[PDB]
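Listed here are the chains, written in short residue letters.
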Protein chains: 4
Amino acid sequence: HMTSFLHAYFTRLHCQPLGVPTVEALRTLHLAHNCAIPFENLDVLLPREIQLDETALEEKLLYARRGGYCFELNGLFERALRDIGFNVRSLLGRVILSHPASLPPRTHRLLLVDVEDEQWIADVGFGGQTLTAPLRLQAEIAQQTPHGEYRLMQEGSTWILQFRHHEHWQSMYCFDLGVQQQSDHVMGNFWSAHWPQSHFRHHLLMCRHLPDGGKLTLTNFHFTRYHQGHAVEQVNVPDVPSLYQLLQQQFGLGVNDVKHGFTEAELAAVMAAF
Amino acid sequence: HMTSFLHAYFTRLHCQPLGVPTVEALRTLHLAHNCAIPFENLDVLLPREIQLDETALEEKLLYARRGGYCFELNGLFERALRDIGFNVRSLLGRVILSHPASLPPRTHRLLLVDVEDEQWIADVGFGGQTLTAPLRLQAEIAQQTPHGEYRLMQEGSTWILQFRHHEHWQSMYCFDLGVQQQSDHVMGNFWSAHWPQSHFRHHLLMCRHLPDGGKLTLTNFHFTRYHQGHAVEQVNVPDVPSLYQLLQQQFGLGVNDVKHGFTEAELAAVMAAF
Amino acid sequence: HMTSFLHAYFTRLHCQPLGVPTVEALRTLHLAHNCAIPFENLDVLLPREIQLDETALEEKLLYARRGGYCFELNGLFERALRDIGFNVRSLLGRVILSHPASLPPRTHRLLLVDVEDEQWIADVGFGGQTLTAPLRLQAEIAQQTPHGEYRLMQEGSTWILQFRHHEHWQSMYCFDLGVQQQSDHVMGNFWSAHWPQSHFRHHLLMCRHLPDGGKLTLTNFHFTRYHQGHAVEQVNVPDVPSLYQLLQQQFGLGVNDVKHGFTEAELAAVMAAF
Amino acid sequence: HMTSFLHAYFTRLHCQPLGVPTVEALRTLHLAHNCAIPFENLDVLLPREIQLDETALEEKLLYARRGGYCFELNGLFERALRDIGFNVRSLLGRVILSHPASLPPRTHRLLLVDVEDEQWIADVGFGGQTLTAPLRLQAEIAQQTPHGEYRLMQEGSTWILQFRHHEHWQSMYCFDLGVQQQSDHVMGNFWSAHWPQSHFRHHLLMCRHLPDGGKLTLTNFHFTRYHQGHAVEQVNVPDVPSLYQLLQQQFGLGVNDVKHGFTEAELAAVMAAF
């Protein structure tokens, strides 16, 4: 089967329809998503509100060929998986990367999927180190992904997904299986986009995934390409115009669109702040 | 026993020390609190950040003789009950009064107390209809309080709070027993104080409790006195100055204080917005 | 002559082209504008940034059939008068209606037009009591307008404008002939839309003008119609849906539009804040 | 003569009273100020409103031993010069350093002083390159200052200002002699502290002046000392604690104070955003 939405979803993912909800279907859609729809925080910098209702998400991520973060990406992904027939619901977790003194709020959205009597967690909105393939809800089991090795962890009642890096695991974010509501994400988005100390307000962030363990990475003007998890080439874009171009070339950002588009002069004012 | 804090706490509550954590101790401290420390949202209107660390709370609610809401009030209360020896932790719930189309975020804080092998919920920061006495965690049981009658539903794991009104139970807000973290309150406060559509940014709100089922109520210039739950006297303050006075008289607001005080001209700019 | 813009301008004003810049041309375009493009502050309440570059103005006020305030309205009007050949530039003035203790900032934009060796001030963005016809820059001279009587008094190189209200004269606002720059308006808009105590953030405001001294007035749910300056009929809209309708009927608001439109659920969240 | 204010002003300036308003008095007070009261934007980063009424200025800049920027510094300075008997009023100008495409708003405050039948412009609030000694209102005349050579200029009613950079002249800000009102500064401060793209919201900025053409410079963790206009020593502070210390040592920031003080943990949250 294929709903109106599900249609342009597959269309944007440069992928072929799927009607049967199976671990393999997930496996691919995930990577598809990860390569098609970039991780971007540009609506936060050029001041511009982020709606999270399936429609705004549809018109932003699909039609306008734009990106987003936690809430937007997994919000769209959640819809797709649902229309395809899977059993999903979002979850909120705490970003603990920076290794904070005290647990932070529920800033990160992620998906919980029930496929073939097991429970997996799909997440395409974590940015740089996001997963690129579902993982099973189990501790220790060093799971594998097209772009890395991760390890969940049943600590009491809050799982602690962590990944392999430089000979040992790093915590990325903790969460629990508690239900969440649309508003809980709206609040999550509100925090992230408006709390003065939120990093998302202090630098442009883009990240797109490629087929063979490769990925792109923009952080203001610092562009970087990776292959099989290695830093191959690192360009430092020299100007706004040049960057405006890089956004459309490398990440395939829909710079035009009656609604969600944005002039190049706007990208200039945004980078000007830094 | 009595800690430095616990000291000025009792001092502000115009109450006598208590060292033994029992339902009765709770019973009274609750009402004490409800009558001494007013519910106020003034720091939200005159723009002015709300810290929630025990110290800012101490200096705002105790020393400066000021009020606050959910987060501040129950934040202070939680500390006290803790220092007195009780077993407490905060909980976040969703305000459903307005009977919203879809569940709202975790805007409200409240306390869970374990006294004599049972579980009670104390809450002094809900404002107008806050409880004025602990309640037992049980369904149907129409519980009684110095200022009203409440009933807790048991919809799943989550609970709902209600109170009588025209011979029919009315739900105030829902909530479950999930753990919360300081940050979760900071986020709650952030939402409440800064989300554009938050009602707290559109009108002054004050509310203080009196011994015999009475309470005071300000909503901008509309002042109201209540006895045994009845509207006895309703004055419509005519001017800023007059109101400035009313805040100190009726609610016992510490209008002066190196830090948390505020001029009367400031209150004027605040009410000027409306 | 007629530029691409000037085209849809006249089209929105349900008016016939004009190519000769004369006091009479001004006289009508002013009233035209005043009846076609409503005074609205809706983008301020549903959080949504207000661009002021001729293009955003064009797309919002003309194509989407929406309204605006000081900055937007006169901004569009200024362009028109310019393309028609007049001699115009904006001015910033201080809103003194509330009769403030100390002069407020330059919140209000207005136009200065040099027609037939004289200087006139056109202003369609003041809302409720805006002018509806150019006025001559001269003191005492009680000038006449389709919707009221005005007057100009002196106190420096700065100008004060008034209108006879209840039985006599009283100040509306002041300003001076100093040059302004786009950014100065951007700042003016930033203030008005974001300074916490700005009244525009605390209630919906709409106002549209009618041919024979009549006008429409919305303030949240309070709708009011006026004839020859008199309150004929005052309805108190009972619900969001009904109001959503009233916005399109009475004011002719373009509720749809890829970009500047807004759902009715959005208007509900906005009125929910109050 | 010496007013209550003027008293602690001199006390903070580690300077001896002056009662006669002369170019020489200005000459020194300026340098005095420039070395005593640092240029700081810390209240912008840890969210915290900036009042500009003489009293808040007094309590922040003098009693709490804290710094500020444009509005606060020159605001305090203006009061002093006034109480001492000079003839002063503030002016607003536009920061053109970055060499913007179009004129920016009136972000910068500065002083205009009438001493011995001439007109000078004093400004202690511009930060890094602020003046350190009055200048005469005259074009071309390459004027000299304890920390640099500034050439003023013309171009219509406006005046530009520059300093020898590299060796070519780099326009700084610009302005006109138009009157300004308190609100005009409040709006200016509003812009600077809240407009999302304002650089002041993206990094900590501190700058203090020293006696012999030397000055200190903090930009986040990049500390720098200068002598006779040369970069002697550049330390890159390694941690928040260490920086907290550097603020009190090198710039003499009053880190404590019932009101304007700030914990070290607060500084951490601020730097954490970057």
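By convention in this text, residue numbers begin from 1 on each chain and track the written sequence, not necessarily the entry numbering, and residues missing coordinates are not displayed. Working convention: letters from A go to chains and numbers from 1 go to ligands, in the order in which they are written. Reported values pertain to the displayed chains only, which are themselves part of a larger assembly. Excluded from the side-chain calculation are hydrogens and water; included are all heavy atoms of the structure.

Draft legend 1. Layout of the overall build of chain A. Each helix and strand counted, chain A has eight helices and 15 strands in total. Here chain A has a C-alpha radius of gyration of 18 Å; the compact-globule value for 274 residues is 19 Å, and the two agree. Overall size of chain A, expressed as C-alpha extent along the three principal axes, is 50 × 45 × 35 Å. Here chain A holds 274 residues, and the buried ones make up 56% of them. Residue contacts follow a heavy-atom distance rule, with two residues in contact if any of their heavy atoms lie within 4.5 Å. A separation threshold of at least 6 residues defines the contact pool for chain A, and within that pool the share at least 24 residues apart is 55%. Helix and strand assignments come from DSSP, with helices taken as H or I runs of at least 4 residues and strands as E runs of at least 2, each series counted from the N terminus. Atoms considered for the radius of gyration are the C-alpha atoms alone. The globule rule reads 2.2 Å times the number of residues to the power 0.38. Note on classification: 1.4 Å probe, protein chains only; a residue is buried when its accessible area is under 20% of the maximum for its type, exposed when over 50%, partly exposed between these limits.

Draft legend 2. Structural context of the sheet that holds strand β8 (residues 158–163) of chain C. Residue and element names in this part refer to chain C. Read from one edge of the open sheet, eight strands run β5-β4-β3-β2-β9-β8-β7-β6, paired in antiparallel fashion. Among the strands making up the open sheet, the edge pair consists of β5 (135–136) and β6 (144–145). At least two bridges found by DSSP between two strands is the condition for calling them paired. Two strands pair when backbone bridges link them, and strand β3 (residues 108–115) and strand β4 (residues 118–122) are joined in this way by five bridges, in the antiparallel orientation. Paired with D114 across the strands is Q119, a residue of β4.

Draft legend 3. Quick look at the interface of chain B and chain A. Each partner contributes residues to the interface: chain B has 17 residues there, and chain A has 17 residues. Throughout, the accessible surface (probe 1.4 Å) given up by two parts as they are put together, summed over both, is called the buried area. Both sides of the chain B and chain A interface together cover about 1,500 Å² of buried area, and 66% of this is carbon and sulfur. Summed over the three residues of chain B that lose the most area to chain A, namely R106, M187 and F190 of chain B, the buried surface amounts to 42% of that side. Salt bridge, as used here, is a side-chain nitrogen of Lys or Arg placed within 4 Å of a carboxyl oxygen of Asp or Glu. Joining chain B to chain A, the criterion identifies four salt bridges. For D184 of chain B, the salt bridge identified is with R106 of chain A, shortest N-O distance 3.7 Å. Under this definition, polar contacts are N or O atom pairs within 3.5 Å; protein pairs additionally need one hydrogen-donor-capable and one acceptor-capable atom, and for neighbouring residues in sequence, both atoms have to be side-chain atoms. Our count for the chain B to chain A interface comes out at six residue pairs in polar contact. The greatest single-element share of the side of chain B that touches chain A, amounting to seven residues, is contributed by helix α6 (residues 182–194) of chain B. Following the grouping adopted for this structure description, the nonpolar residues are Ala, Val, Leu, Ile, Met, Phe, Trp, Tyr, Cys and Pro, the charged ones are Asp, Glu, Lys and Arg, and the polar ones are all others, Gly among them. Counted by class, the side of chain B that touches chain A contains 10 nonpolar, four polar and three charged residues.

Draft legend 4. View of the interface of chain C and chain D. Taken together, the contacts link 17 residues of chain C with 18 residues of chain D. Between chain C and chain D, a total of about 1,500 Å² is buried, with carbon and sulfur atoms accounting for 67% of that surface. One can count four salt bridges joining chain C with chain D. Put simply, chain C and chain D have nine residue pairs in polar contact between them. In terms of residue class, the side of chain C that touches chain D is built from 10 nonpolar, four polar and three charged.

Draft legend 5. Seen up close, the relation of the copies chain B and chain A. Here the copies share a common frame obtained from a least-squares superposition of their C-alpha atoms. Superposition of chain B onto chain A requires a rotation of 180° combined with a translation of 0.0 Å along the rotation axis, giving an RMSD of 0.2 Å. Taken together, the turn and the small shift mark the pair as related by a two-fold rotation axis. Here 100% of the contact residues of chain B are again contact residues in chain A; the copies associate through an equivalent surface.

Draft legend 6. Structural context of the relation of the copies chain C and chain D. Note on the identical chains: chain C maps onto chain D by a rotation of 179° and an axial translation of 0.0 Å, with an RMSD of 0.3 Å. Looking at the interface residues of chain C, 100% of them are also at the interface in chain D, so both copies use one shared face.

Draft legend 7. Looking closely at the pattern of salt bridges. Counting across every chain of the model gives 65 salt bridges over all chains. For the salt bridge of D184 of chain C with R94 of chain D, the shortest nitrogen-to-oxygen distance reads 3.1 Å. Highlighted residues: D184 of chain C in helix α6 (residues 182–194) and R94 of chain D in the loop between β2 (88–93) and β3 (108–115), drawn from two different chains. Using a relative accessible area of 9% as the deciding quantity, one classes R94 of chain D as buried. Among the ionic contacts, a cluster of salt bridges with common partners joins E40, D43, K60, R66 and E72 of chain A.

Draft legend 8. Fine view of the pairing of β3 of chain D. All names here are of chain D. Counting buried residues along β3, seven of its eight residues qualify, which places the element largely inside the surrounding structure. Across six bridges, the pairing between β2 and β3 is antiparallel. Residue pairing for β3: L91 is matched across the bridge by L110.

Draft legend 9. The arrangement of the side chain of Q197 of chain A in detail. Tracing the backbone shows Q197 of chain A in the loop between α6 (182–194) and β12 (205–209). Overall, the relative accessible area of 13% leaves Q197 of chain A in the buried class. Residue contacts for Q197 of chain A: discarding those within four places in its chain leaves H202 of chain A together with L45, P47, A269, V270 and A273 of chain D.

Draft legend 10. Just the environment of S102 of chain B, in detail. Summarising the element assignment, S102 of chain B is placed in the loop between β2 (88–95) and β3 (108–115). Spatially, the C-alpha atoms of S102 of chain B and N87 of chain B are 33 Å apart, while their sequence positions differ by 15 residues.

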